[PDB]
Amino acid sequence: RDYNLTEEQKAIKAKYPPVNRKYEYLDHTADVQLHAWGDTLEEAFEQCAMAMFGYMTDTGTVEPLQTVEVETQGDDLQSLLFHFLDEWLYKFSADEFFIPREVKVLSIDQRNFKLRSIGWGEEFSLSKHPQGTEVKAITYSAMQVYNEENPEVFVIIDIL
């Protein structure tokens, strides 16, 4: 690590004997837990995607200029949530660096674990959109999906 120093701080370093250093820092990792909810399971999932993007920027500044569709499937609801968010992340990450202003989950097939969703927004841009934090990956850790009245989900994402 190197820090930005004031001259006074520099003066202090110069004034005392140097410290021999034999260490290094490895594998810095960071995450945050998203907690989303709604009146339906669909809404809980869509709100979780919007939480993820809401970490990257103020999605209120994102103009609803294009629409992108994300459909996916899973072996159970956790798996489905995982793949849903992953596919949305990938849309942002690769190809068009698309950021939705909003996401709407049109359906979740609760018997076969399929989902259809759509989001509207535009290509992300440092001049247009405020800088939040980049999201690196979705994880299964402490993933919970509560499919009950006023459904909720808890997901942990790896951030930079």
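Heads up: residue numbers just count along the shown sequence, starting at 1.
Set 126-134 against 46-54 and average the Cα temperature factors; 126-134 ends up higher.
The deposited model assigns a higher average Cα B-factor to 94-102 than to the other stretch when 64-72 and 94-102 are compared.
The entry lists a Cα temperature factor for residue 149 that places it in the highest third of the chain's modelled residues.
Per the deposited record, the Cα B-factor of residue 155 falls in the lowest third when ranked against the other modelled residues of its chain.
When the CA B factors of the chain's modelled residues are split into thirds, the value for residue 110 lands in the lowest one.
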